Structure formats: structure tokens, C-alpha cells
Amino acid sequence: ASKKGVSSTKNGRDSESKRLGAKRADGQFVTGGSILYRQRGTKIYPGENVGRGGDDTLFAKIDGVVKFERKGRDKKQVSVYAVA
Amino acid sequence: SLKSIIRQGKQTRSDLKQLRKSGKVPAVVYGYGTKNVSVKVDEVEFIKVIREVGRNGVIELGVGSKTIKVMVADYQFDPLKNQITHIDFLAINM
Amino acid sequence: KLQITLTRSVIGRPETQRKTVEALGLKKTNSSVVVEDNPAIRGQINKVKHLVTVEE
Amino acid sequence: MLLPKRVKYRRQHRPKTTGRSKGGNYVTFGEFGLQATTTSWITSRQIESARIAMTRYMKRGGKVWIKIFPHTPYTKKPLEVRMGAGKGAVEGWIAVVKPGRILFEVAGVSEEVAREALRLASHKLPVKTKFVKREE
RNA sequence: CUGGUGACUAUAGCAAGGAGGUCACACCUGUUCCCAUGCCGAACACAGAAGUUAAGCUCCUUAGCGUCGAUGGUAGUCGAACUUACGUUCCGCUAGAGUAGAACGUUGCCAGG
RNA sequence: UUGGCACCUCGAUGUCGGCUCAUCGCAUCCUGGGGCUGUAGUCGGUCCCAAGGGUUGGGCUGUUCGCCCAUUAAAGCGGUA
RNA sequence: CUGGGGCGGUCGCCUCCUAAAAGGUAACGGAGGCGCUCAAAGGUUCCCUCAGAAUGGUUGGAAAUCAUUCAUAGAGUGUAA
RNA sequence: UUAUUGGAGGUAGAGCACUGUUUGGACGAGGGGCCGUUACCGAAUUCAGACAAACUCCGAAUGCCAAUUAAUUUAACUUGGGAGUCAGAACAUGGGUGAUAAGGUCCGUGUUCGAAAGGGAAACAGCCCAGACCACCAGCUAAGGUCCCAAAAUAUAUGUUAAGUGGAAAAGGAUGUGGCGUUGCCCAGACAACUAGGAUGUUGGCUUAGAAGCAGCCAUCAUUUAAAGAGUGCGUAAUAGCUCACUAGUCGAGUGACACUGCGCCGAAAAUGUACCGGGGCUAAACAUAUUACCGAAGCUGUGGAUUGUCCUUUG
Ligand SMILES: [K+]
Ligand SMILES: [Mg+2]
Ligand SMILES: [Mg+2]
Ligand SMILES: [Mg+2]
Ligand SMILES: [Mg+2]
Ligand SMILES: [Mg+2]
Ligand SMILES: [Mg+2]
Ligand SMILES: [Mg+2]
Ligand SMILES: [Mg+2]
Ligand SMILES: [Mg+2]
Ligand SMILES: [Mg+2]
Ligand SMILES: [Mg+2]
Ligand SMILES: [Mg+2]
């Protein structure tokens with residue numbers, strides 16, 4: 001049976017997905033050090049008691065409740081506040 | 001240069017569809033001297049009134065007991081059906 | 001008080017709807033429960049209303 | 001033969017064809033228009049055929065506007081090849097048309113001439129159409 | 001009322017027109033001193049008080065731009081029923097655009113008036 | 001037809017052409033009946049109805065095809081592993 | 001590996017889209033990068049703000065350097081997105 | 001699981017503010033052929049209108065993560081003993097690929113099969129209904145049905161269809177038929193038919209061999225009219241000739257156009273045999289909209305029985 005020659009694709013590559021995004025919910029209690037948000041750049045900024053790691057990961061510095069908040073007109077941040 | 005309408009309540013999608021099938025046009029009256037009012041008009045009568053008074057003419061809209069002098073602020077149209085689908089009445093100040 | 005009866009089967013229905021049928025306390029087809037009316041119950045009913053019959 | 005002078009991507013996902021016409025549903029340049037009532041891809045070759053038909057009937061008296069443009073390349077595999085081994089090469093260019101879109105408009109002629117010209121045009125197209133005027 | 005310093009998604013902005021000065025803020029006068037310019041006392045820094053509201057700055061007017069923005073309707077859509085129709089029907093949710101309209105900021109603390 | 005797919009069959013579903021024997025479809029090659037014709041006649045062109053019957057011997061080539069010689073009313077096109 | 005196998009192509013890592021607004025998600029689906037570089041292109045303190053355009057100006061032109069104005073990011077961010 | 005509340009995120013839609021794509025105008029910073037002004041105006045600007053998986057000034061429904069959270073429900077997790085599984089399939093839907101091919105292929109979501117018997121779909125794993133512990137010559141229902149095969153309506157009311165459409169298909173074609181609207185003319189006589197006229201400048205001008213209403217271009221005007229086109233078709237080489245438009249008369253009541261819709265018609269040709277309702281048959285026993293019955297499963301209920309749990313509780 002007749003069979004034609006086929007070409008090749010130069011595509012077929014992709015990197016591993018990095019599981020970015022929110023790691024804890026607004027209103028959730030977290031312990032100090034818990035990662036809050038994985039990101040490239042500052043899509044979300046560190047707020048109160050929140051640090052920004054070398055790769056922009058947002059993390060809690062204290063035990064407390066996570067709160068995602070507006071930051072100005074276009075930006076936002078995430079904060080952690082100690083519970084009473 | 002007059003036409004009467006009827007107040008509406010809270011209407012489902014089927015309610016609006018049945019209105020348009022019956023041949024009435026939903027509309028909203030708003031502007032000076034009035035609160036927003038949701039109304040039904042009759043499409044044929046509205047077309048006659050618009051032909052008489054022009055696109056920018058003033059219409060005397062019977063809204064319940066009251067009568068309001070309004071202008072057609074805008075309208076939504078269905079060109080596949082050649083059917084006026086919605087109307088906005090702007091009660092103009094005097 | 002609401003009398004709720006499972007009038008259609010859960011066979012062939014999504015697992016989420018089956019979970020709601022279970023949470024309402026219904027077991028077999030044509031089984032019934034008597035529950036206190038409130039928004040939570042009404043929400044469960046609304047989720048599975050194509051499967052159940054409600055009597056006040 | 002219409003086609004973009006260039007595109008960023010030559011190999012594109014084929015467009016969605018369900019739904020209604022997003023825009024261009026009114027005659028806006030001329031007096032009369034040809035309104036689609038069914039859905040189809042419309043090729044540059046079909047556009048050109050319809051344009052020539054209507055303009056030749058109008059005998060250069062009036063003005064014609066093509067309201068749709070074939071932005072989208074579509075590919076096709078080479079003859080008698082098996083599945084796989086990458087996407088095929090660009091075959092042509094199409095405009096997606098859904099009910100309500102005005103395909104062509106005409107001005108500067110009588111309504112009767114416009115009707116006959118747009119009838120001749122519509123017979124070249126893979127969609128059902130209707131003669132439409134400017135609304136007011 | 002003025003100033004300093006905060007809070008708030010520009011409803012706070014821009015633009016245009018107009019008013020203001022012993023207090024204060026500036027422009028402004030200088031380069032001895034600390035300090036400074038890849039050159040420049042322009043700037044930064046310092047010393048100072050002859051002149052000016054010209055500009056900044058503050059205040060007032062507005063709706064041209066920017067900002068905000070309904071109601072009503074439409075698109076889309078969860079679920080259900082019917083369906084293979086580039087679908088239909090019912091229910092809930094409900095845009096974007098646009099329209100009316102809002103708006104030439106609102107406020108905390110401190111020191112002076 | 002050339003393919004695409006890989007669903008039956010790999011503890012076997014024999015594969016081209018010819019011969020023998022056919023059988024069916026009609027989208028009709030001839031014969032039958034019609035319409036139109038840029039159908040004078042004799043001939044033709046094109047389309048419609050029609051499947052009853054009929055639809056050839058040779059040269060070359062494994063060939064099917066195809067070309068050729070000589071006929072015929074005609075030397076139909078396909079399906080049936 | 002492979003829409004049978006051979007032949008062709010590919011094999012690890014990064015970015016985007018496909019991906020159905022959490023995350024994840026395939027095909028020999030659509031596009032590109034990497035196997036380094038920097039002794040500062042690192043740390044810290046202080047200071048600063050672009051690209052482009054218009055108008056003037058000598059060698060100097062459409063673009064060199066100088067000046068004013070406008071210019072909200074259209075610049076830059078070593079190297080793909 | 002639901003309710004309420006908060007939050008992350010950029011899809012559907014939408015839009016054009018960015019990156020690209022693109023259609024018509026307007027105008028042109030500026031120079032050239034041009035004297036100032038009749039290319040290019042490639043620039044820029046500007047008005048309006050469109051396109052996008054890898055565009056976004058915007059932005060859902062859902063889904064997702066949570067809550068000193070309420071209601072209903074019955075799981076959940078840890079550790080250890082034993083596994084099997086690593087060929088999946090259809091259907092529906094969101095997508096890629098392919099050709100908006102495949103009972104194709106590859107991902108997302110759901111159901112069913114696998115591993116599911118029973119009823120429906122003629123027969124038919126994957127569709128629709130529904131999950132068989134056992135027995136009954138009891139009852140109610142589901143999907144689907146109720147003229148006969150074959151259980152139950154030759155049911156009730158109002159319509160549509162004439163095509164066996166129902167019981168296979170498109171662009172397109174058509175005085176099929178029903179409904180709802182708009183609108184022209186008309187007893188100051190409409191539409192059709194019949195009687196008569198249908199003329200003059202003039203064979204309009206050009207072109208052509210010829211072109212005289214009637215090959216093709218330019219016009220498309222005037223006079224008598226009770227009206228008649230520089231002419232609607234046939235005809236001629238061109239004329240001629242016939243005819244229409246238009247008008248008057250006869251007659252006497254309706255007549256034409258358009259838009260949106262329901263149901264039908266043609267387009268429609270394959271091979272063993274009717275053979276594209278399961279059959280007979282059907283003009284309803286088809287279709288649409290309502291209403292009341294009934295049939296219909298291993299679903300549910302009734303009665304008795306088995307086993308294993310739970311709870312009262314010796315008993316049962
Ligand atoms: K067509
Ligand atoms: Mg397979
Ligand atoms: Mg065997
Ligand atoms: Mg035949
Ligand atoms: Mg025969
Ligand atoms: Mg294969
Ligand atoms: Mg995601
Ligand atoms: Mg979209
Ligand atoms: Mg699946
Ligand atoms: Mg098995
Ligand atoms: Mg019964
Ligand atoms: Mg019987
Ligand atoms: Mg049972």
C-alpha cells in the first residue's frame with residue numbers, strides 16, 4: 001500500500017509547571033514561615049508581617065490570619081495579623 | 001405625540017421573551033424629575049409616534065397616572081428579526 | 001417541616017448530586033425524610049430538585 | 001484576493017463558529033447591504049467572486065464596501081499522508097461569518113440595482129443572506 | 001485660615017481663567033566658612049535679607065480631557081428538560097459597551113493664626 | 001479510485017490476470033417511446049422514460065488497462081471477498 | 001519513542017500558548033531559549049530618571065554632540081519568554 | 001452537602017487602551033512633473049467600522065481555598081497484614097490534531113460499560129429508566145407506550161398536513177396550504193378580460209456597411225391628446241410587419257404588493273429481495289397544543305422467609 005514520507009515538527013518542548021499561586025486562603029490561620037503565594041515578580045506584594053523571598057515567594061513572619069488586601073488602585077498585597 | 005405604557009415588576013427571561021413575542025417593547029424611563037421606571041410600550045404605537053415626532057422629537061409618555069415629556073435616549077434593535085428590543089426614555093427638564 | 005421524597009434514581013447522576021442526596025438523609029428511591037425548613041435545607045433541595053419532591 | 005500582509009502566527013487554532021455575530025451588524029458606509037443569516041467560513045476566493053459579480057452588475061456606477069476580511073489562516077495536510085508529525089501548511093485565508101453580519105455594502109445606485117447585484121453576489125457565497133437597508 | 005506630617009481605588013488628576021503676600025513658603029543676594037559640580041555655587045551646602053509676588057506654592061471658578069458611574073436591556077453561563085439542530089426551552093447568576101448621572105476631593109494628628 | 005483509521009480475522013479469512021459459471025444495479029452502449037434543437041432531407045447534438053433481450057473475433061503484452069487489425073445494431077459502466 | 005516497522009525527527013533543563021479565570025493536565029500540537037555570563041553586571045550608602053518628537057545650532061547629514069519644550073513609559077532591566 | 005461571609009485567579013463574553021491584523025472617508029510636515037497648486041502624499045494626524053490560542057482598558061457563570069461559622073449527613077485520618085491494576089470503550093460536553101472526516105487520535109468534565117442482571121430503544125456492552133438476598137397466579141409507578149401482532153385510550157377538545165410527509169439529505173427552485181401584520185388601487189367603477197386608439201417633429205444624435213422605438217454609446221425632449229415610451233417584446237440586412245406600455249369604452253366587486261411565521265413539494269441514482277415505520281396496517285393509528293385515564297421493571301409497596309449489623313433490651 002502506498003505510504004508517503006512525513007516531515008518533522010521542530011516543537012515538542014516545555015518546562016515543568018511550577019505550581020505557582022496562592023498557598024493559603026484569606027482568613028486562614030497560618031504558622032510563622034508558611035508560604036502564602038508563589039509568583040514571578042511581585043504580582044502580589046508583601047504586607048504586614050509578610051516577607052518576600054529571593055524568588056518573590058510571599059511568606060508569613062508571624063503566626064496569624066492571612067488577609068489579601070488592596071494596595072492602591074492597581075496593586076495588592078497579602079498580610080498576616082496576630083489573632084487576639 | 002402621545003403614547004401610554006405599563007409598569008413592570010421583576011421579570012424573568014421567559015417573561016421578557018413573552019413580552020417581545022406579544023409585541024411590546026421593554027423600556028426604562030429615567031432623567032429629570034423622575035425616578036427610574038421599568039415600562040412596557042407597544043411596538044407599533046411607538047413606531048407611529050416616532051414617525052410623527054422624528055427621532056429627537058418629544059413624546060408624552062403615560063406612566064401610570066402621570067404623563068412625562070421624554071425623548072428617546074437610545075434603543076436596542078434586533079436586525080435579524082427587524083424588531084425593536086429595548087428603549088430608553090430620557091425625561092427632559094422644562 | 002418539609003417532607004422530601006427521592007422520586008428519581010441517583011443512577012446516572014453526578015457524584016456531587018448523589019452526595020447531596022445522601023446529605024439530605026435520603027437512601028433508596030421513594031424514600032423520604034421530614035426536616036426543618038431553613039436556607040441550608042432549601043439550598044440542598046434546590047441542588048437536587050430534579051430528583052426529589054417536596055411537600056410542606 | 002484579500003489576505004493580511006503578515007501575521008504573527010501562521011498556524012492558528014480554527015475559530016469558534018457557534019454564537020451570533022459579535023459586531024458589524026448594521027449598514028454603516030453605504031445605503032444597502034447583504035446580511036448573513038447562517039454561519040460559515042468565507043474564503044478570500046468567495047469574497048473576490050462575490051465582489052466581481054456585484055461590481056460588474058453595477059457597471060462601475062456605484063460604490064462597494066467589503067465589510068469582512070479573511071484574517072485567519074487555515075492549514076491543510078499534504079495529500080495522502082498519515083495522522084501526526086506536526087501541523088500542516090497554510091492553505092488559505094477565511095473570515096468567520098455568523099448570523100447578522102453585513103458582508104457587503106453598496107451605495108450610489110437604485111434599490112432595484114442594489115437588490116439584483118447583491119442577489120448575484122449572494123449566489124457565490126456559502127451562506128444564506130438577505131437584502132438590508134440602513135436603519136432609522 | 002496657614003503650615004508640617006499621615007490615611008484613603010484620581011469623585012482627589014489635567015487644562016483653562018482669576019486672586020494672594022510685613023507673618024510664614026518661595027523666588028531672591030552672595031561664596032568667607034562646612035559641603036559641592038566628571039565643567040558650572042545651575043544643583044547640593046552654607047551665610048544672608050536689598051527686591052518681588054513674576055514663577056513656584058496656596059486659594060477661587062468650571063465639566064473641555066482624564067477619573068467614577070447606575071437602572072433597564074443585551075452577551076455569556078451553573079443546573080434542569082428536550083435535542084443533534086453553527087441548537088431550543090425554563091430557572092438562577094449576570095457582564096463588557098453605552099446611557100442618566102457623580103465629581104475641580106474627603107479626612108486624622110501637631111504647631112501657629 | 002488513491003488514501004486516512006486500525007474495529008473482525010496472524011492455534012492462516014490464498015493474493016494479480018485468464019478460464020468455467022453466472023447473478024444483480026442503472027448512473028443506458030444498441031434496440032423501443034418522447035421533448036428541445038443553431039431539427040430542410042439523410043444525418044446529428046442534448047435531455048427525459050425505459051434494465052426485456054442483446055451487447056464480436058484477432059495482433060502485442062502475465063497482464064488489468066491500453067494501442068492496433070477486421071467487424072457489429074451495439075462492441076455499456078459498475079457491485080457480488 | 002513512533003497513528004505498523006524501517007528511514008526521517010526526538011530524548012535532560014527553562015518560558016509561553018493549547019490549559020476549559022486555583023493547582024495539575026496529552027499528541028511526531030503551536031512558538032522560542034539553556035548546557036552560560038558578571039570581580040561588577042555582587043553588598044551598602046547617597047544621588048538621578050527614560051525612549052521619542054518639535055524647534056534653534058558649525059564641521060553635522062534624517063540620525064553624532066549642545067539648548068529649550070513636549071513627552072507616563074512606547075526606554076532600560078546581561079541572556080528566551 | 002448546603003447556607004452565609006472573605007479571598008486567589010484573567011477563561012466565556014466584550015473591547016480596541018497596548019502588541020499585531022484590517023475597510024472606507026477627511027486632511028496633509030513636506031518635498032518633487034507644475035506654474036505656486038489636479039501623481040506619490042509614501043509620514044503624521046483624524047472620523048467611522050471590523051479581527052486575535054500565544055492582544056487586554058475590562059470581565060462573568062462556575063469551579064477552587066478558607067471560616068472559634070449554622071443545618072442536614074456519615075464519614076475521615078494514622079499505623080500494620082494481604083492484594084490486584086499500569087490494553088480501556090461508548091455517549092454527552094470543553095478543546096488540540098485531522099478535513100468544524102472517521103466507530104479516528106490526544107487531553108479536561110460527567111455518566112454508563114468494564115465488573116450490572118431487570119424494563120425501553122425491532123434485534124443492539126457503552127443510549128433512556130433503573131441497581132436482582134429468597135419466595136408469591138398481590139398492588140403503585142419509571143423510561144417507553146395504549147388499532148392488531150402485543151399489556152393498556154380506535155380517549156376528550158381545538159387546529160395543521162395530503163406529502164404515506166410522518167417513516168433519510170443541501171444550495172437552490174415553486175400562484176401548495178394555514179396564521180399574524182403593514183400597505184397601494186377600488187361602485188367618482190378597481191384587477192383580469194373584450195372593443196378602439198396607441199399619433200406628430202422623427203429615420204432624435206453618434207456610431208456603422210446598414211442601426212429607421214427595439215446591436216452598441218449620448219441623451220430621453222417638445223406638439224394634438226379622451227392617452228400614447230425618442231418605446232415592452234417578437235420581427236427585418238435595414239425597412240416593413242405584429243405587439244406592449246398608456247388611454248377611452250363594455251362588465252360589475254373586490255384586487256395587487258411587502259414583512260414575519262406553522263406545515264408540506266421538487267432537488268433525491270446501486271448493486272441477493274419489498275428493504276430508510278420491526279410487520280400488518282394507518283389520513284390518523286401523523287403532527288402541535290392542552291386535559292383525564294390506564295399499561296408498563298428484578299425500581300417502590302404488601303406477605304412470608306434467610307444471613308449479618310444497630311438499638312431497646314433476659315423475654316423477643
Ligand atoms: K448562497
Ligand atoms: Mg484506538
Ligand atoms: Mg481456526
Ligand atoms: Mg433510468
Ligand atoms: Mg435492458
Ligand atoms: Mg495507521
Ligand atoms: Mg490554571
Ligand atoms: Mg473571545
Ligand atoms: Mg472521558
Ligand atoms: Mg477485563
Ligand atoms: Mg396503575
Ligand atoms: Mg391489547
Ligand atoms: Mg427491590
Side-chain angles (χ1 to χ4, degrees), chain A residues 1-2 4-17 19-22 24-28 37 44 66-68 70 72-74, chain B residues 12-14 16 26-28 30-31 36 38 44 73-74 76 81-82 85-86 88 90, chain C residues 8-9 11-16 19-20 22-25 28-31 33 35-36 38-47 49-50, chain D residues 2 4-9 11-15 17-20 22-24 28-29 38-41 63 65-69 71-72 76-77 79-88 95-96 98-99 123 126 128:
Chain A
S2 178
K4 288 304 208 307
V6 301
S7 183
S8 308
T9 172
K10 293 177 166 50
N11 307 315
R13 268 162 262 98
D14 199 10
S15 63
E16 210 70 6
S17 309
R19 284 69 164 162
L20 304 181
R24 290 289 150 85
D26 177 282
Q28 192 173 11
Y37 197 85
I44 300 184
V66 178
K67 302 297 296 178
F68 284 90
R70 169 173 292 277
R73 159 167 291 209
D74 287 327
Chain B
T12 69
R13 208 192 308 261
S14 192
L16 264 53
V28 62
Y30 57 80
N36 282 70
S38 299
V44 174
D74 198 11
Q76 299 174 7
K81 214 82 77 172
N82 287 310
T85 309
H86 186 261
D88 292 15
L90 179 57
Chain C
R8 307 214 67 90
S9 189
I11 304 170
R13 303 295 180 169
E15 189 57 43
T16 193
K19 284 179 173 176
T20 298
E22 180 190 30
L24 281 167
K28 301 252 184 180
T29 308
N30 297 310
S31 64
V33 295
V35 294
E36 198 71 29
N38 62 42
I41 290 291
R42 291 292 188 177
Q44 305 218 57
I45 290 166
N46 168 74
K47 182 171 170 194
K49 59 183 171 294
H50 57 288
Chain D
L2 303 178
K5 277 182 266 289
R6 63 176 199 171
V7 297
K8 183 168 183 186
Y9 292 100
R11 297 184 170 91
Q12 299 179 19
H13 294 169
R14 285 152 286 171
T17 55
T18 54
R20 291 290 163 274
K22 173 176 182 182
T28 295
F29 292 92
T38 57
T39 289
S40 182
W41 291 12
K63 188 168 177 188
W65 294 263
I66 322 303
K67 300 296 296 314
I68 57 171
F69 189 91
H71 295 284
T72 305
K76 179 162 86 176
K77 242 52 178 36
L79 273 51
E80 302 183 15
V81 70
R82 291 181 181 177
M83 299 298 93
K87 189 163 171 53
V96 61
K98 304 178 186 176
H123 284 280
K128 294 176 179 290

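Lettering follows sequence order; numbering is per chain, from 1. All heavy atoms count here, side chains included; hydrogens, waters and symmetry mates do not.
OP1 and OP2 of G/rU10 both lie 4.0 Å or more from every side-chain N or O belonging to A/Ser8. Residue B/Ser38 has no polar side-chain atom (N or O) positioned under 4.0 Å from OP1 or OP2 of E/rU71. Within the 4.0 Å cut-off from OP1 or OP2 of H/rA71, not a single side-chain nitrogen or oxygen of C/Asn38 is found. For H/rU21, one of the phosphate oxygens OP1 or OP2 lies less than 4.0 angstrom from a side-chain nitrogen or oxygen of D/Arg6. D/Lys87 has no side-chain polar atom (N or O) that falls below the 4.0 Å cut-off from OP1 or OP2 of G/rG30. Within the 4.0 Å cut-off from OP1 or OP2 of H/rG172, at least one side-chain nitrogen or oxygen of D/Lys128 is found. Between D/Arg82 and F/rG4 there is a side-chain polar atom (N or O) within less than 4.0 angstrom of OP1 or OP2. B/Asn36 has no side-chain polar atom (N or O) that falls below the 4.0 Å cut-off from OP1 or OP2 of E/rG72. For G/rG8, the OP1/OP2 oxygens have no side-chain nitrogen or oxygen of A/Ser7 closer than 4.0 Å. For C/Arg8 and H/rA142, the shortest distance from a side-chain N or O to OP1 or OP2 is not below 4.0 Å. Dashed line: the shortest gap from a side-chain N or O of D/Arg14 to OP1 or OP2 of H/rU97 is under 4.0 Å.
Taking the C1' atom of each, H/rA92 and E/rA85 are spaced 15 Å apart, rounded to whole Å. Rounded to a whole angstrom, the distance from the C1' atom of H/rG131 to that of H/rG118 is 9 Å. Comparing H/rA190 with H/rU255, their P atoms sit 14 Å apart, to the nearest whole Å.
The separation between B/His86 atom NE2 and E/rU71 atom P is 13 Å, rounded to whole Å. For the pair D/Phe69 CZ and H/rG24 P, the computed distance is 10 Å after rounding to whole Å. Taking atom NZ on D/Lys8 and atom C1' on G/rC17, their separation rounds to 11 Å, with Å as the unit. Distance C/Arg42 CZ to E/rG79 P: 22 Å, rounded to the nearest Å. Distance, A/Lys10 NZ to G/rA80 P: 22 Å, rounded to whole Å. Distance, C/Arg13 CZ to H/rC91 P: 21 Å, rounded to whole Å. Atom NZ of A/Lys67 is separated from atom P of H/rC65 by 18 Å (rounded to the nearest Å). As rounded to whole Å, 14 Å separates atom P of H/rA50 from atom CD1 of D/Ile68.
Nucleotide E/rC82 is annotated as paired to E/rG87 [Watson-Crick or G-U wobble, both distances under 3.5 Å]. Judged by the 3.5 Å cutoff on both pairing distances, H/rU146 and H/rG216 do not qualify as a Watson-Crick or G-U wobble pair. Pairing between H/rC234 and H/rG241: present (Watson-Crick or G-U wobble, both distances under 3.5 Å). With both distances required under 3.5 Å, H/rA238 does not pair with H/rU307 in Watson-Crick or G-U wobble fashion. With both hydrogen-bonding distances under 3.5 Å, H/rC65 and H/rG6 qualify as a Watson-Crick or G-U wobble pair. Nucleotides H/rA290 and H/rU85 fail to qualify as a pair under the Watson-Crick or G-U wobble definition, as the contacts are not both shorter than 3.5 Å. Between H/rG184 and H/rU255 there is a Watson-Crick or G-U wobble pairing whose two distances both come in under 3.5 Å. No Watson-Crick or G-U wobble pair joins G/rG4 and G/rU44 with the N1-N3 or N1-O2 distance and the second distance both under 3.5 Å. By the Watson-Crick or G-U wobble test, with both distances required under 3.5 Å, G/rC13 and G/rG61 do not count as a base pair. Entry note: E/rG48 and E/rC28 meet the pairing test, Watson-Crick or G-U wobble at under 3.5 angstrom for both distances.
Nearest nucleotide to the A/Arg19 side chain, out of G/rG30, G/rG23, H/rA99: G/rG23.
Glycosidic torsion of G/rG3 falls within 90° of 0, placing the base in syn. G/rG60: glycosidic angle within 90° of 0, hence syn. Classification of H/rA162 as anti follows from a glycosidic angle more than 90° from 0. By the rule that a glycosidic angle within 90° of 0 means syn, E/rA85 counts as syn. Applying the 90° cutoff around 0 to the glycosidic angle, H/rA61 is assigned anti.
In this structure H/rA138 sits in a base pair with H/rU301, meeting the Watson-Crick or G-U test at under 3.5 Å. Pairing of H/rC180, defined by two Watson-Crick or G-U wobble distances under 3.5 Å, is not identified with any nucleotide. In this structure, H/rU315 makes no Watson-Crick or G-U wobble pair, since no nucleotide meets both defining distances under 3.5 angstrom. With a cut-off of 3.5 Å on both Watson-Crick or G-U wobble distances, the partner of E/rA7 is given as E/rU106. In this entry G/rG9 has G/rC1 as its Watson-Crick or G-U wobble partner, both defining distances falling under 3.5 Å. Pairing for F/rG25 is with F/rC77, a Watson-Crick or G-U wobble pair whose two hydrogen-bonding atom distances lie under 3.5 Å. As the counterpart of F/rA70, F/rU56 is assigned, both hydrogen-bonding distances of the Watson-Crick or G-U wobble pattern falling under 3.5 Å. The nucleotide H/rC34 finds no pairing partner, because no Watson-Crick or G-U wobble arrangement with both distances shorter than 3.5 Å includes it.
When the nearest nucleotides of RNA chain E are assigned to D/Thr38 and A/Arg70 by heavy-atom distance, the more 5′-ward of the two goes with A/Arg70. Both B/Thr12 and A/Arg73 lie near RNA chain E, and the one whose nearest nucleotide falls closer to the 5' end is A/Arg73. Residue whose closest nucleotide on RNA chain H sits further toward the 5' end, between C/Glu36 and D/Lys5: D/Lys5. Across the interface with RNA chain H, nearest-nucleotide mapping of D/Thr18 and D/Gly88 shows D/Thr18 to be the residue nearer the 5′ end.
Between the side chain of A/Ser15 and the base of G/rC14 there is no donor-acceptor pair of N/O atoms closer than 3.5 Å. Side-chain N/O atoms of D/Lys22 and base N/O atoms of H/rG15 include a donor-acceptor pair closer than 3.5 Å.
Within the 3.5 Å criterion, the main-chain N or O of A/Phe68 finds a donor-acceptor partner in the side chain of A/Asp26. Judged by distance alone, the side chain of A/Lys4 and the main-chain N or O of D/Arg82 form no donor-acceptor pair under 3.5 Å.
Base stacking of E/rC78 on E/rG79: present (ring centres under 5.5 Å, plane angle under 30°). Judged by ring centres closer than 5.5 Å and planes tilted by less than 30°, the bases of H/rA212 and H/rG213 are not stacked on each other.
Between D/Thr17 and D/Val96, the closest heavy-atom pair is CG2-CG2, 4.1 Å.
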Q. Does the side chain to side chain donor-acceptor pair (under 3.5 Å) test come out yes or no for C/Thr16 and C/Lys47, once each step is laid out?
A. CA-CA 9 Å; C/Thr16 193; C/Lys47 182 171 170 194; 2.7 Å; yes
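Judged by centroid separation below 5.5 Å and plane tilt below 30°, D/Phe29 does not stack onto the base of H/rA48.
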